[PDB]
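Below you'll find the structure, written out as structure tokens, and then a few comments.
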Amino acid sequence: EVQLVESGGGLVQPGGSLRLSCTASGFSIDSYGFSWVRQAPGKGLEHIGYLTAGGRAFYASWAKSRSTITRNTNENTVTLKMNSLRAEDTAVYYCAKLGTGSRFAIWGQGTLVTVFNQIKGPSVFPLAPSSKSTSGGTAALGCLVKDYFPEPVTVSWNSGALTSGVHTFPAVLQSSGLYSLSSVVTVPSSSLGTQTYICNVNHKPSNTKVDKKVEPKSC
Amino acid sequence: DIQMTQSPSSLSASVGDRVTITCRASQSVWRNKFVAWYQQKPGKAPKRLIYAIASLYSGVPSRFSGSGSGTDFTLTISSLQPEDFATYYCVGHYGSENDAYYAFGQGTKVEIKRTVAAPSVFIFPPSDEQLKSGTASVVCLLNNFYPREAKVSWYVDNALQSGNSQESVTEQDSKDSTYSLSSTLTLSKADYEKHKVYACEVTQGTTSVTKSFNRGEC
Ligand SMILES: [Cl-]
Ligand SMILES: [Cl-]
């Protein structure tokens, strides 16, 4: 019943603006104060600003020059606008009643905003199971996901049917300015002749999906 | 305005250990008590554990307790459990007639100590397909090990490499509290085809495991 839902996420060019809405259901948005919070990938939480129940907006000093927080009671929303964006503004944006001293606390699910100076779909190469794989033992295989921008890429195996033993590494930023990652899985070596292993790589920023069958390499 | 200064930035503790995390407010928080503690596990949203310094939210395990006095606030985990791997944040509120501000601490990454475990090590040559692009990626995998600290050195025809590799590490596992780590060596096609023996040398403590291949050989 009680819920907050962020909308408006997406890709923005540097110098662009973001506009996120936070829609409440189960209560009136004007009966409580709400914060906007963000988290850069792999980093901590940052408070942007807070709109009191009375409708007064207070911003972290760094955000005041380019942020606006408003409320619309007819639509039961709170809204964050931020302009003149830079790469450092890439983050998951949440609306929330933080509940620092009251029982009622509620967060939206979060919406990703990515500030991108470039778009580039990934190249995907097999990490082939070793020919030295131990019979009746365990083999490693995977996919190398190279030279894409911006983050993120998602990787499944066999369309989600293979999850046990999978490690998809966090991406590294190469000296080229492009990201690269690998996703690996360990499987029974006795399966290598019989079981098909396909990595499914998805890069929404470039609307690119790659499915790559990874097989033992030919001698 | 208000800041929350959190320490330590990270800690490792054995299951059943008592863990203490502190947060110092840069000035008095609202009514001296508007401080909450949040927990965030990998890939999920922050979850509130404790509010008003010490009020444990319903359904939060009682091994989490909050205390505070003055401008110092403390999160205590009395018997660290495996499911407590997370980053913990304090968040404080400052208020006046013309002020309403919030500040998060930097976060404390809590990792679970476990018994040392040696990695399964794998080396992967570059694919023929990639080589057509002019570049070769050689990948070395250290699977399911502990602790995270490892030295991974690349050798090309017995020559130690420097400056042409990058590492990545997984977050601590939920099943075995291990890590996995990749090291990726990047060479031009020209250089890759100029050499024969490729080796990844993994050192932890007193032991080095080296996995290698000869270019072209099966
Ligand atoms: Cl109050
Ligand atoms: Cl903050």
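Residues in the structure tokens are named by chain (A, B, ... in the order shown) and by number from 1 within that chain; ligands are numbered from 1 in the order shown.
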For chain A, report every residue with an atom at most 9 Å from chain B (counting only C-alpha atoms), formatted as an MDAnalysis selection string.
chainID A and resid 35 43:52 57:61 98:103 105 107:110 123:131 139:141 144 167:172 174 181:182 184 186 217:219
Let's see if you can do this: from backbone DSSP, list all strand (DSSP E or B) residues in range 20-187 of chain B, as a VMD selection string.
chain B and resid 20 to 25 35 to 40 47 to 51 55 to 56 64 to 69 72 to 77 86 to 96 99 to 104 108 to 113 117 120 to 124 135 to 146 151 to 156 159 to 160 165 to 169 179 to 187
Env of residue 118 in chain B: 12 Å cut, atoms = only C-alpha atoms, seq-sep filter 4 positions within chain, self excluded. Answer as a list in words.
residues 142, 143, 144, 145, 146, 147, 148, 149, 150, 178, 179, 180, 202, 203, 204, 205, 206, 207, 208 and 209 of chain B
Just N, CA, C and O atoms for this one: save the residues we selected as a JSON list (two decimals), in the first residue's frame.
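File written: again09.json
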```
[["chain", "number", "residue", "atom", "x", "y", "z"],
["B", 142, "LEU", "N", 41.57, -16.15, -10.08],
["B", 142, "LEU", "CA", 41.74, -16.73, -8.75],
["B", 142, "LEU", "C", 40.35, -16.92, -8.17],
["B", 142, "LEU", "O", 39.69, -15.95, -7.80],
["B", 143, "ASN", "N", 39.91, -18.17, -8.05],
["B", 143, "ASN", "CA", 38.53, -18.46, -7.69],
["B", 143, "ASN", "C", 38.39, -18.92, -6.25],
["B", 143, "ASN", "O", 39.11, -19.81, -5.79],
["B", 144, "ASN", "N", 37.44, -18.30, -5.54],
["B", 144, "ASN", "CA", 36.98, -18.68, -4.21],
["B", 144, "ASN", "C", 38.13, -18.84, -3.21],
["B", 144, "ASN", "O", 38.46, -19.94, -2.76],
["B", 145, "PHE", "N", 38.71, -17.70, -2.82],
["B", 145, "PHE", "CA", 39.83, -17.72, -1.90],
["B", 145, "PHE", "C", 39.65, -16.72, -0.77],
["B", 145, "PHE", "O", 38.73, -15.90, -0.76],
["B", 146, "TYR", "N", 40.55, -16.83, 0.22],
["B", 146, "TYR", "CA", 40.57, -15.95, 1.38],
["B", 146, "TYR", "C", 41.95, -16.00, 2.02],
["B", 146, "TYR", "O", 42.49, -17.11, 2.17],
["B", 147, "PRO", "N", 42.54, -14.86, 2.41],
["B", 147, "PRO", "CA", 42.03, -13.48, 2.34],
["B", 147, "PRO", "C", 42.16, -12.85, 0.96],
["B", 147, "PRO", "O", 42.72, -13.45, 0.05],
["B", 148, "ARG", "N", 41.65, -11.62, 0.82],
["B", 148, "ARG", "CA", 41.61, -10.99, -0.49],
["B", 148, "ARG", "C", 43.00, -10.63, -0.99],
["B", 148, "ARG", "O", 43.21, -10.53, -2.21],
["B", 149, "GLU", "N", 43.95, -10.42, -0.09],
["B", 149, "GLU", "CA", 45.28, -9.95, -0.48],
["B", 149, "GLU", "C", 46.03, -11.06, -1.22],
["B", 149, "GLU", "O", 46.25, -12.15, -0.67],
["B", 150, "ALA", "N", 46.42, -10.79, -2.46],
["B", 150, "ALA", "CA", 47.20, -11.72, -3.25],
["B", 150, "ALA", "C", 48.08, -10.90, -4.18],
["B", 150, "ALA", "O", 47.70, -9.80, -4.60],
["B", 178, "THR", "N", 34.21, -16.15, 0.59],
["B", 178, "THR", "CA", 35.43, -16.05, -0.18],
["B", 178, "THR", "C", 35.32, -14.91, -1.19],
["B", 178, "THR", "O", 34.26, -14.31, -1.41],
["B", 179, "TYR", "N", 36.46, -14.59, -1.79],
["B", 179, "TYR", "CA", 36.56, -13.67, -2.90],
["B", 179, "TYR", "C", 36.94, -14.45, -4.15],
["B", 179, "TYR", "O", 37.40, -15.59, -4.09],
["B", 180, "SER", "N", 36.75, -13.81, -5.30],
["B", 180, "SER", "CA", 37.38, -14.22, -6.54],
["B", 180, "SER", "C", 37.98, -12.97, -7.16],
["B", 180, "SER", "O", 37.50, -11.85, -6.94],
["B", 202, "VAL", "N", 50.61, -16.47, -8.86],
["B", 202, "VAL", "CA", 49.74, -16.05, -7.76],
["B", 202, "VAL", "C", 50.46, -16.38, -6.46],
["B", 202, "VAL", "O", 50.76, -17.55, -6.19],
["B", 203, "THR", "N", 50.73, -15.36, -5.65],
["B", 203, "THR", "CA", 51.42, -15.56, -4.38],
["B", 203, "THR", "C", 50.52, -15.11, -3.24],
["B", 203, "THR", "O", 50.00, -13.98, -3.25],
["B", 204, "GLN", "N", 50.32, -16.00, -2.28],
["B", 204, "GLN", "CA", 49.68, -15.69, -1.00],
["B", 204, "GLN", "C", 50.57, -16.29, 0.08],
["B", 204, "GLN", "O", 50.84, -17.49, 0.07],
["B", 205, "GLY", "N", 51.03, -15.46, 1.00],
["B", 205, "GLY", "CA", 51.87, -15.96, 2.07],
["B", 205, "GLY", "C", 53.13, -16.59, 1.50],
["B", 205, "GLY", "O", 53.87, -15.97, 0.73],
["B", 206, "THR", "N", 53.34, -17.86, 1.85],
["B", 206, "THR", "CA", 54.58, -18.57, 1.57],
["B", 206, "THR", "C", 54.53, -19.39, 0.29],
["B", 206, "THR", "O", 55.46, -20.17, 0.05],
["B", 207, "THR", "N", 53.49, -19.23, -0.52],
["B", 207, "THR", "CA", 53.20, -20.14, -1.62],
["B", 207, "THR", "C", 52.89, -19.36, -2.88],
["B", 207, "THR", "O", 52.15, -18.38, -2.85],
["B", 208, "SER", "N", 53.47, -19.82, -3.99],
["B", 208, "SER", "CA", 53.21, -19.28, -5.31],
["B", 208, "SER", "C", 52.75, -20.41, -6.20],
["B", 208, "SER", "O", 53.41, -21.45, -6.28],
["B", 209, "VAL", "N", 51.61, -20.22, -6.86],
["B", 209, "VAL", "CA", 51.10, -21.10, -7.89],
["B", 209, "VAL", "C", 51.18, -20.35, -9.21],
["B", 209, "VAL", "O", 50.69, -19.22, -9.31]]
```
Select, from B:66, B:17, B:155, B:25, the residue with the minimum atom-to-atom distance to ligand 2, counting only C-alpha atoms and all ligand atoms.
B:25
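Distances to residue 142 in chain A were evaluated for B:140, B:154, B:160, B:28 using only C-alpha atoms, and the minimum falls at B:140.
Reported to one decimal place, the separation of CA of residue 149 in chain A from CA of residue 118 in chain A is 6.4 Å.
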Would you list the contacts of residue 24 in chain A as a compact mmCIF listing (two decimals) with N, CA, C and O atoms, in the first residue's frame, taking every protein, DNA or RNA residue within 12 Å and counting only C-alpha atoms, but skipping same-chain residues closer than 3 positions in sequence?
```txt
# COMPACT_ATOMS: atom_id res chain seq x y z
N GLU A 1 0.83 -1.24 0.00
CA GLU A 1 0.00 0.00 0.00
C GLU A 1 0.85 1.27 0.00
O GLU A 1 0.91 1.98 -1.00
N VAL A 2 1.50 1.55 1.13
CA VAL A 2 2.39 2.70 1.23
C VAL A 2 3.61 2.47 0.34
O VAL A 2 4.30 1.45 0.47
N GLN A 3 3.88 3.41 -0.56
CA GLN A 3 4.95 3.23 -1.52
C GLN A 3 5.42 4.57 -2.07
O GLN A 3 4.63 5.51 -2.21
N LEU A 4 6.71 4.64 -2.36
CA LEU A 4 7.31 5.70 -3.17
C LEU A 4 7.90 5.07 -4.42
O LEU A 4 8.53 4.00 -4.35
N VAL A 5 7.74 5.73 -5.56
CA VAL A 5 8.26 5.23 -6.83
C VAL A 5 8.96 6.37 -7.55
O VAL A 5 8.33 7.37 -7.91
N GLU A 6 10.27 6.23 -7.76
CA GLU A 6 10.99 7.19 -8.58
C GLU A 6 10.78 6.88 -10.05
O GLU A 6 10.76 5.71 -10.45
N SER A 7 10.65 7.93 -10.85
CA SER A 7 10.66 7.81 -12.30
C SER A 7 11.49 8.95 -12.86
O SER A 7 11.80 9.92 -12.17
N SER A 21 10.75 12.27 -10.76
CA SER A 21 9.54 12.34 -9.97
C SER A 21 9.51 11.19 -8.97
O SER A 21 10.01 10.09 -9.24
N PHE A 27 -0.70 7.37 1.00
CA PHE A 27 -0.71 8.52 1.89
C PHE A 27 -0.56 9.76 1.02
O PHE A 27 -0.28 9.67 -0.18
N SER A 28 -0.76 10.92 1.63
CA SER A 28 -0.60 12.20 0.96
C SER A 28 0.86 12.65 1.06
O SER A 28 1.45 12.59 2.14
N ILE A 29 1.41 13.10 -0.06
CA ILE A 29 2.80 13.54 -0.10
C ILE A 29 3.03 14.79 0.73
O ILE A 29 4.16 15.05 1.16
N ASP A 30 1.98 15.57 0.98
CA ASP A 30 2.09 16.81 1.74
C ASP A 30 2.00 16.60 3.25
O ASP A 30 2.01 17.58 3.99
N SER A 31 1.92 15.36 3.72
CA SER A 31 1.85 15.12 5.16
C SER A 31 3.22 14.81 5.77
O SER A 31 3.31 14.69 7.00
N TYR A 32 4.27 14.71 4.97
CA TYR A 32 5.60 14.39 5.48
C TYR A 32 6.65 15.13 4.67
O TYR A 32 6.41 15.53 3.53
N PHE A 34 10.21 14.93 2.61
CA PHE A 34 10.90 13.93 1.80
C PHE A 34 12.24 14.45 1.31
O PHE A 34 12.37 15.60 0.91
N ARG A 71 7.02 20.06 -5.02
CA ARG A 71 5.95 19.14 -4.67
C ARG A 71 4.71 19.51 -5.46
O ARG A 71 4.47 20.68 -5.77
N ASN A 72 3.92 18.49 -5.79
CA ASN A 72 2.66 18.66 -6.50
C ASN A 72 1.64 17.79 -5.78
O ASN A 72 1.67 16.56 -5.93
N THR A 73 0.75 18.41 -5.01
CA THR A 73 -0.20 17.65 -4.22
C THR A 73 -1.27 16.99 -5.09
O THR A 73 -1.73 15.89 -4.77
N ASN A 74 -1.66 17.63 -6.19
CA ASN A 74 -2.67 17.03 -7.06
C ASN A 74 -2.18 15.69 -7.60
O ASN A 74 -2.95 14.72 -7.65
N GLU A 75 -0.91 15.60 -7.99
CA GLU A 75 -0.36 14.35 -8.48
C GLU A 75 0.29 13.51 -7.38
O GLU A 75 0.69 12.38 -7.66
N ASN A 76 0.40 14.04 -6.16
CA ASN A 76 1.00 13.32 -5.03
C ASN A 76 2.46 12.98 -5.30
O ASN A 76 2.93 11.88 -5.04
N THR A 77 3.19 13.95 -5.84
CA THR A 77 4.58 13.74 -6.19
C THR A 77 5.48 14.76 -5.49
O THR A 77 5.04 15.83 -5.09
N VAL A 78 6.74 14.37 -5.36
CA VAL A 78 7.85 15.27 -5.11
C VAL A 78 8.79 15.14 -6.29
O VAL A 78 8.93 14.06 -6.87
N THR A 79 9.44 16.24 -6.66
CA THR A 79 10.25 16.27 -7.88
C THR A 79 11.62 16.86 -7.63
O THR A 79 11.76 17.87 -6.93
N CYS A 95 14.24 8.82 -3.63
CA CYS A 95 13.47 9.67 -2.74
C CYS A 95 13.19 8.89 -1.46
O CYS A 95 13.04 7.66 -1.48
N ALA A 96 13.13 9.59 -0.34
CA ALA A 96 13.02 8.87 0.92
C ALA A 96 12.59 9.79 2.05
O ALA A 96 12.99 10.95 2.09
N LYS A 97 11.77 9.25 2.95
CA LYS A 97 11.63 9.79 4.30
C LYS A 97 12.60 8.99 5.16
O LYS A 97 12.39 7.78 5.38
N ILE A 106 10.58 5.48 4.67
CA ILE A 106 10.19 4.87 3.40
C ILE A 106 11.09 5.40 2.30
O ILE A 106 11.34 6.61 2.21
N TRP A 107 11.56 4.48 1.46
CA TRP A 107 12.40 4.78 0.31
C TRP A 107 11.76 4.25 -0.96
O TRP A 107 11.18 3.16 -0.95
N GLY A 108 11.91 4.98 -2.06
CA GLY A 108 11.66 4.42 -3.37
C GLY A 108 12.71 3.40 -3.75
O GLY A 108 13.72 3.21 -3.06
```
DSSP on the backbone: what in chain A comes out helix (DSSP H, G or I), as a PyMOL selection string?
chain A and resi 29-31+61-64+87-89+158-160+189-191+204-206
So, with only C-alpha atoms and all ligand atoms as the atoms that count, which of B:81, B:6, B:96, B:59 lies closest to ligand 1?
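Counting only C-alpha atoms and all ligand atoms, the residue closest to ligand 1 is B:96.
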I want to know what sits within 9 Å of residue 187 in chain A, based on only C-alpha atoms, with residues of the same chain fewer than 2 positions away left out; could you give that as a ChimeraX atom specification?
/A:137-141,164-165,185,189-192
Determine, counting only C-alpha atoms, which protein, DNA and RNA residues have an atom within 10 Å of an atom of residue 86 in chain A; residues of the same chain fewer than 5 positions away are not included. Present the result as a list in words.
residues 12, 13, 14, 15, 16, 17, 114, 115, 116 and 117 of chain A
To one decimal place, how far is CA of residue 104 in chain A from CA of residue 62 in chain A in Å?
27.7 Å
One number please: CA of residue 60 in chain B to CA of residue 112 in chain B, in Å, one decimal.
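These two atoms are separated by 19.5 Å.
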